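Scroll down for the structure; my scribbles are underneath it.
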Amino acid sequence: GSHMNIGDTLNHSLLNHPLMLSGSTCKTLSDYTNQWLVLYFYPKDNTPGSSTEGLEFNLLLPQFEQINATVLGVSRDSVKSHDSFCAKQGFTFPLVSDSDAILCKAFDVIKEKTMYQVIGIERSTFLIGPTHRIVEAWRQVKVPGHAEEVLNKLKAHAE
């Protein structure tokens with residue numbers, strides 16, 4: 001089905017790709033070496049589904065940080081859009097503005113659906129381990145309770 005799968009290792013080009021984040025900050029996925037990263041993709045800022053998803057992760061954020069994990073959300077919206085969405089919702093973790101669709105294509109989350117050409121992000125989340133391998137991959141994500149399922153999966157690995 002997809003070209004980024006559990007067991008795959010992020011390559012050097014992807015690990016060093018510059019990420020534009022909310023707050024006008026920048027990071028690369030390599031900054032998360034030796035920690036777990038939850039990288040969650042959502043279709044569009046400021047929708048009922050993506051604000052619920054954000055809020056569910058935001059509530060759990062201390063529990064993730066307590067076991068050496070953190071969260072980054074991703075859509076192709078602008079930094080300006082992300083900052084308005086972070087502020088309105090009170091998100092404490094960052095959002096990647098993937099405005100060149102590089103992470104979206106890398107993680108193979110761009111899909112073609114129904115209405116009614118819609119090409120856009122299929123809601124998807126990856127749990128990336130401390131050596132940059134895909135440990136879990138959820139595709140066609142259903143929003144409610146997803147952030148807690150993710151947390152519990154990470155806890156289940158932590159034993």
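Letters A, B, ... go to the chains of the structure tokens in the order shown; residues in each chain start at 1; ligands are counted from 1 in the same order.
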Quick one: which region 35-86 of chain A residues come within 8 Å of region 126-150 of chain A, and what is the nearest atom pair for each with the distance in Å to one decimal, counting only C-alpha atoms, rows ordered by chain and ascending number, as JSON lines?
{"residue": "A:35", "atom": "CA", "partner": "A:130", "partner_atom": "CA", "distance": 4.6}
{"residue": "A:36", "atom": "CA", "partner": "A:129", "partner_atom": "CA", "distance": 4.7}
{"residue": "A:37", "atom": "CA", "partner": "A:128", "partner_atom": "CA", "distance": 5.1}
{"residue": "A:38", "atom": "CA", "partner": "A:127", "partner_atom": "CA", "distance": 4.7}
{"residue": "A:39", "atom": "CA", "partner": "A:126", "partner_atom": "CA", "distance": 5.3}
{"residue": "A:40", "atom": "CA", "partner": "A:126", "partner_atom": "CA", "distance": 6.4}
{"residue": "A:49", "atom": "CA", "partner": "A:143", "partner_atom": "CA", "distance": 6.3}
{"residue": "A:50", "atom": "CA", "partner": "A:143", "partner_atom": "CA", "distance": 7.9}
{"residue": "A:52", "atom": "CA", "partner": "A:143", "partner_atom": "CA", "distance": 7.3}
{"residue": "A:53", "atom": "CA", "partner": "A:143", "partner_atom": "CA", "distance": 5.8}
{"residue": "A:56", "atom": "CA", "partner": "A:147", "partner_atom": "CA", "distance": 5.7}
{"residue": "A:57", "atom": "CA", "partner": "A:147", "partner_atom": "CA", "distance": 5.2}
{"residue": "A:60", "atom": "CA", "partner": "A:148", "partner_atom": "CA", "distance": 7.4}
Write out as a list in words each polymer residue whose atoms come within 12 Å of region 113-122 of chain A, counting only C-alpha atoms; drop sequence neighbours fewer than 3 positions from it.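 The residues satisfying every condition are residues 2, 40, 41, 42, 43, 44, 45, 50, 74, 75, 76, 77, 98, 101, 103, 104, 105, 107, 108, 109, 110, 125, 138, 139, 140, 141, 142 and 143 of chain A.
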Enumerate the residues of region 40-149 of chain A with a DSSP assignment of helix (DSSP H, G or I), computed from the backbone, and present them as a PyMOL selection string. chain A and resi 48-65+79-89+102-106+146-149
Keeping only N, CA, C and O atoms, write the selected residues as a short mmCIF file (atom, residue, chain, number, x, y, z; two decimals), in the first residue's frame.
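Final file, result34.cif:
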data_model
loop_
_atom_site.label_atom_id
_atom_site.label_comp_id
_atom_site.auth_asym_id
_atom_site.auth_seq_id
_atom_site.Cartn_x
_atom_site.Cartn_y
_atom_site.Cartn_z
N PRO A 48 -12.71 20.75 12.81
CA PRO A 48 -13.09 20.06 14.06
C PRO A 48 -12.21 18.83 14.36
O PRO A 48 -11.85 18.56 15.54
N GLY A 49 -11.88 18.02 13.33
CA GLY A 49 -11.03 16.84 13.50
C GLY A 49 -9.59 17.17 13.91
O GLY A 49 -8.97 16.53 14.78
N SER A 50 -8.99 18.17 13.27
CA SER A 50 -7.60 18.47 13.58
C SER A 50 -7.44 19.27 14.86
O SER A 50 -6.46 19.13 15.54
N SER A 51 -8.44 20.10 15.24
CA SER A 51 -8.32 20.71 16.54
C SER A 51 -8.59 19.71 17.68
O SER A 51 -7.80 19.71 18.63
N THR A 52 -9.55 18.78 17.48
CA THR A 52 -9.69 17.68 18.46
C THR A 52 -8.45 16.84 18.57
O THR A 52 -7.97 16.59 19.68
N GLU A 53 -7.88 16.44 17.42
CA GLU A 53 -6.65 15.66 17.52
C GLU A 53 -5.50 16.38 18.29
O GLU A 53 -4.85 15.80 19.13
N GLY A 54 -5.30 17.67 17.94
CA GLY A 54 -4.30 18.48 18.64
C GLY A 54 -4.51 18.57 20.14
O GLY A 54 -3.62 18.54 20.91
N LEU A 55 -5.75 18.84 20.47
CA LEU A 55 -6.09 18.92 21.88
C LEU A 55 -5.91 17.63 22.65
O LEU A 55 -5.40 17.69 23.84
N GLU A 56 -6.18 16.51 22.02
CA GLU A 56 -5.96 15.24 22.68
C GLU A 56 -4.51 14.95 22.88
O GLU A 56 -4.10 14.46 23.94
N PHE A 57 -3.67 15.25 21.88
CA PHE A 57 -2.25 15.17 22.13
C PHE A 57 -1.77 16.18 23.19
O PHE A 57 -0.92 15.87 23.98
N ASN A 58 -2.33 17.40 23.21
CA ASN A 58 -1.82 18.43 24.05
C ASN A 58 -2.04 18.00 25.55
O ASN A 58 -1.13 18.20 26.40
N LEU A 59 -3.24 17.50 25.79
CA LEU A 59 -3.60 17.00 27.15
C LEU A 59 -2.59 15.96 27.64
O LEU A 59 -2.30 15.94 28.86
N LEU A 60 -2.08 15.08 26.74
CA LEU A 60 -1.27 13.93 27.10
C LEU A 60 0.23 14.28 27.08
O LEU A 60 1.11 13.47 27.37
N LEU A 61 0.51 15.48 26.54
CA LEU A 61 1.89 15.82 26.27
C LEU A 61 2.87 15.53 27.51
O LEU A 61 3.98 14.93 27.36
N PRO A 62 2.44 15.87 28.76
CA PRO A 62 3.33 15.54 29.91
C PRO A 62 3.57 14.03 30.10
O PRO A 62 4.69 13.60 30.51
N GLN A 63 2.57 13.23 29.78
CA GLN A 63 2.77 11.81 29.88
C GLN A 63 3.74 11.29 28.82
O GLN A 63 4.52 10.40 29.07
N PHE A 64 3.66 11.81 27.61
CA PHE A 64 4.67 11.45 26.61
C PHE A 64 6.09 11.87 27.07
O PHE A 64 7.08 11.14 26.90
N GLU A 65 6.20 13.12 27.51
CA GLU A 65 7.55 13.65 27.88
C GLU A 65 8.16 12.87 29.05
O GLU A 65 9.38 12.73 29.14
N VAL A 79 3.26 28.61 8.18
CA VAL A 79 3.61 28.99 9.52
C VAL A 79 2.58 29.99 10.15
O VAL A 79 2.25 29.88 11.34
N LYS A 80 2.15 30.96 9.36
CA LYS A 80 1.16 31.93 9.89
C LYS A 80 -0.09 31.25 10.33
O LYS A 80 -0.58 31.50 11.48
N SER A 81 -0.55 30.35 9.48
CA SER A 81 -1.78 29.57 9.81
C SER A 81 -1.54 28.77 11.10
O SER A 81 -2.42 28.66 12.03
N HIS A 82 -0.41 28.04 11.14
CA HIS A 82 -0.06 27.26 12.37
C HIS A 82 0.00 28.10 13.64
O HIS A 82 -0.41 27.66 14.71
N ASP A 83 0.59 29.32 13.55
CA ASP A 83 0.67 30.12 14.74
C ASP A 83 -0.71 30.52 15.20
O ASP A 83 -0.92 30.51 16.42
N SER A 84 -1.61 30.85 14.26
CA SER A 84 -3.02 31.23 14.70
C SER A 84 -3.72 30.05 15.33
O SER A 84 -4.39 30.20 16.37
N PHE A 85 -3.44 28.88 14.80
CA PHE A 85 -4.13 27.62 15.27
C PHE A 85 -3.56 27.25 16.62
O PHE A 85 -4.35 26.95 17.57
N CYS A 86 -2.21 27.23 16.80
CA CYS A 86 -1.59 27.01 18.11
C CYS A 86 -2.10 27.95 19.17
O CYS A 86 -2.38 27.58 20.29
N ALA A 87 -2.18 29.23 18.82
CA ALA A 87 -2.62 30.19 19.81
C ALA A 87 -4.04 29.98 20.20
O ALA A 87 -4.37 30.03 21.40
N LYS A 88 -4.89 29.83 19.20
CA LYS A 88 -6.36 29.67 19.48
C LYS A 88 -6.57 28.48 20.36
O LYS A 88 -7.42 28.49 21.29
N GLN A 89 -5.89 27.38 20.02
CA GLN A 89 -6.16 26.10 20.81
C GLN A 89 -5.34 25.96 22.05
O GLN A 89 -5.59 24.98 22.81
N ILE A 102 7.26 17.97 1.48
CA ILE A 102 8.39 17.01 1.54
C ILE A 102 8.16 15.94 2.59
O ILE A 102 8.34 14.75 2.28
N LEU A 103 7.72 16.31 3.82
CA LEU A 103 7.54 15.22 4.77
C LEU A 103 6.34 14.37 4.34
O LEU A 103 6.30 13.15 4.54
N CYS A 104 5.29 15.01 3.83
CA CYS A 104 4.06 14.33 3.43
C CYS A 104 4.36 13.26 2.35
O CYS A 104 3.89 12.17 2.43
N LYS A 105 5.18 13.60 1.36
CA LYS A 105 5.50 12.64 0.34
C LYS A 105 6.46 11.55 0.89
O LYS A 105 6.30 10.40 0.56
N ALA A 106 7.41 11.95 1.74
CA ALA A 106 8.37 11.03 2.38
C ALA A 106 7.65 9.94 3.15
O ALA A 106 7.94 8.77 3.03
N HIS A 146 -7.50 8.77 19.53
CA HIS A 146 -6.28 8.35 18.88
C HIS A 146 -5.04 8.68 19.71
O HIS A 146 -4.13 7.84 19.82
N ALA A 147 -4.90 9.90 20.20
CA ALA A 147 -3.71 10.30 20.98
C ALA A 147 -3.47 9.37 22.18
O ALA A 147 -2.37 8.83 22.31
N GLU A 148 -4.57 9.00 22.88
CA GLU A 148 -4.38 8.02 23.95
C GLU A 148 -3.96 6.62 23.44
O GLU A 148 -3.19 5.95 24.13
N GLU A 149 -4.47 6.19 22.29
CA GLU A 149 -4.01 4.91 21.75
C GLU A 149 -2.54 4.95 21.46
O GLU A 149 -1.83 4.00 21.61
#
Assign secondary structure with DSSP using the backbone only, and return the residues of chain A in strand (DSSP E) as JSON, numbers by chain. {"A": [19, 20, 21, 25, 26, 27, 36, 37, 38, 39, 40, 41, 69, 70, 71, 72, 73, 74, 75, 95, 96, 97, 110, 111, 112, 113, 118, 119, 120, 121, 124, 125, 126, 127, 128, 134, 135, 136, 137, 138]}
Let's have the selection written as a compact mmCIF listing (two decimals), in the first residue's frame, with N, CA, C and O atoms.
# COMPACT_ATOMS: atom_id res chain seq x y z
N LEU A 19 12.98 21.60 8.73
CA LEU A 19 11.52 21.65 9.05
C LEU A 19 11.22 23.10 9.46
O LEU A 19 11.87 23.58 10.37
N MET A 20 10.24 23.74 8.82
CA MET A 20 9.77 25.06 9.29
C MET A 20 8.65 24.79 10.27
O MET A 20 7.67 24.14 9.87
N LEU A 21 8.79 25.29 11.50
CA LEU A 21 7.82 25.03 12.57
C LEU A 21 7.06 26.25 12.98
O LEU A 21 7.50 27.41 12.78
N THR A 25 10.37 28.76 14.09
CA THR A 25 11.54 27.96 14.48
C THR A 25 11.85 26.88 13.41
O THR A 25 11.16 26.73 12.40
N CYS A 26 12.97 26.22 13.59
CA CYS A 26 13.28 25.14 12.67
C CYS A 26 14.02 24.07 13.39
O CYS A 26 14.60 24.28 14.44
N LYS A 27 13.87 22.86 12.85
CA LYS A 27 14.39 21.66 13.41
C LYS A 27 14.70 20.75 12.24
O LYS A 27 14.29 21.01 11.10
N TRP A 36 11.97 9.21 21.51
CA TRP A 36 10.84 8.78 20.66
C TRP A 36 10.16 10.02 20.12
O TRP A 36 9.99 11.04 20.86
N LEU A 37 9.75 9.92 18.88
CA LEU A 37 8.98 11.00 18.27
C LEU A 37 7.61 10.48 17.72
O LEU A 37 7.55 9.48 17.01
N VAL A 38 6.55 11.17 18.12
CA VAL A 38 5.24 10.95 17.50
C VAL A 38 5.06 12.01 16.46
O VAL A 38 4.96 13.19 16.80
N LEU A 39 5.05 11.58 15.21
CA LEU A 39 4.90 12.52 14.10
C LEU A 39 3.48 12.28 13.50
O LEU A 39 3.18 11.23 12.92
N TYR A 40 2.60 13.23 13.80
CA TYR A 40 1.17 13.03 13.40
C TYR A 40 0.79 14.00 12.27
O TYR A 40 1.01 15.25 12.42
N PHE A 41 0.30 13.42 11.19
CA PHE A 41 -0.16 14.24 10.03
C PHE A 41 -1.66 14.44 10.07
O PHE A 41 -2.41 13.47 10.30
N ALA A 69 9.41 10.96 25.11
CA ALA A 69 8.76 11.07 23.80
C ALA A 69 8.24 12.48 23.63
O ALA A 69 7.91 13.18 24.60
N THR A 70 8.15 12.91 22.39
CA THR A 70 7.50 14.17 22.23
C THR A 70 6.66 14.07 20.94
O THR A 70 6.73 13.10 20.19
N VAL A 71 5.91 15.13 20.70
CA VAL A 71 4.93 15.11 19.62
C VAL A 71 5.16 16.23 18.67
O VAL A 71 5.46 17.34 19.13
N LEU A 72 5.03 15.97 17.36
CA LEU A 72 5.04 17.04 16.36
C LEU A 72 3.87 16.79 15.44
O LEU A 72 3.73 15.68 14.87
N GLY A 73 3.01 17.81 15.23
CA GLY A 73 1.96 17.67 14.24
C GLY A 73 2.47 18.25 12.89
O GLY A 73 3.39 19.10 12.88
N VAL A 74 1.86 17.81 11.83
CA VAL A 74 2.22 18.20 10.43
C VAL A 74 1.04 18.41 9.51
O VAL A 74 0.13 17.54 9.40
N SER A 75 0.99 19.57 8.80
CA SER A 75 0.11 19.72 7.60
C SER A 75 0.85 20.63 6.66
O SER A 75 1.92 21.03 7.02
N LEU A 95 3.97 22.58 15.45
CA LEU A 95 3.37 22.10 14.21
C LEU A 95 4.37 22.36 13.07
O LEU A 95 4.81 23.54 12.94
N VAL A 96 4.69 21.32 12.28
CA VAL A 96 5.48 21.57 11.07
C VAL A 96 4.68 22.14 9.96
O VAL A 96 3.59 21.60 9.59
N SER A 97 5.16 23.26 9.37
CA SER A 97 4.54 23.77 8.14
C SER A 97 5.26 23.10 7.00
O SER A 97 6.43 23.51 6.65
N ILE A 110 0.16 11.48 1.19
CA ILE A 110 -0.70 12.18 0.19
C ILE A 110 -1.56 11.19 -0.61
O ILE A 110 -1.05 10.26 -1.28
N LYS A 111 -2.88 11.30 -0.55
CA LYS A 111 -3.76 10.29 -1.15
C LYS A 111 -4.87 10.99 -1.90
O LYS A 111 -5.18 12.16 -1.67
N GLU A 112 -5.50 10.25 -2.80
CA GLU A 112 -6.61 10.79 -3.62
C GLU A 112 -7.90 10.11 -3.11
O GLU A 112 -7.97 8.86 -3.01
N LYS A 113 -8.87 10.94 -2.70
CA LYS A 113 -10.18 10.48 -2.23
C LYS A 113 -11.29 11.12 -3.08
O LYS A 113 -11.03 11.68 -4.18
N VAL A 118 -9.54 15.75 -5.23
CA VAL A 118 -9.08 16.10 -3.87
C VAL A 118 -7.84 15.28 -3.65
O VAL A 118 -7.89 14.04 -3.64
N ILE A 119 -6.73 15.96 -3.52
CA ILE A 119 -5.49 15.29 -3.19
C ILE A 119 -5.08 15.97 -1.92
O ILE A 119 -5.02 17.20 -1.85
N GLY A 120 -4.85 15.18 -0.88
CA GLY A 120 -4.49 15.86 0.34
C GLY A 120 -4.03 14.81 1.29
O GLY A 120 -3.84 13.67 0.91
N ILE A 121 -3.79 15.23 2.50
CA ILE A 121 -3.19 14.36 3.55
C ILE A 121 -4.29 13.42 3.99
O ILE A 121 -5.38 13.89 4.39
N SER A 124 -2.67 10.37 9.41
CA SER A 124 -1.71 9.25 9.62
C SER A 124 -0.73 9.70 10.77
O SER A 124 -0.44 10.89 10.93
N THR A 125 -0.25 8.75 11.56
CA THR A 125 0.70 9.02 12.66
C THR A 125 1.78 7.94 12.68
O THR A 125 1.49 6.75 12.45
N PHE A 126 3.01 8.37 12.95
CA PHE A 126 4.15 7.43 13.00
C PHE A 126 4.82 7.55 14.35
O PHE A 126 5.03 8.65 14.84
N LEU A 127 5.15 6.40 14.94
CA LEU A 127 5.93 6.45 16.16
C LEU A 127 7.32 6.08 15.72
O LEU A 127 7.53 5.03 15.16
N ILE A 128 8.21 7.03 15.84
CA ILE A 128 9.63 6.87 15.39
C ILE A 128 10.55 6.67 16.62
O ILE A 128 10.52 7.47 17.56
N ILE A 134 10.89 3.37 12.05
CA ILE A 134 9.37 3.44 12.20
C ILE A 134 9.03 2.25 13.14
O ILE A 134 9.29 1.09 12.81
N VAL A 135 8.44 2.54 14.28
CA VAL A 135 8.07 1.46 15.28
C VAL A 135 6.58 1.15 15.15
O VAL A 135 6.19 0.02 15.28
N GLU A 136 5.78 2.17 14.93
CA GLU A 136 4.32 2.01 14.68
C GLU A 136 3.91 2.98 13.59
O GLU A 136 4.53 4.08 13.43
N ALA A 137 2.92 2.61 12.82
CA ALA A 137 2.39 3.49 11.73
C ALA A 137 0.88 3.37 11.67
O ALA A 137 0.38 2.25 11.38
N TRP A 138 0.15 4.42 11.99
CA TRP A 138 -1.33 4.35 11.83
C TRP A 138 -1.74 5.15 10.59
O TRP A 138 -1.25 6.31 10.47
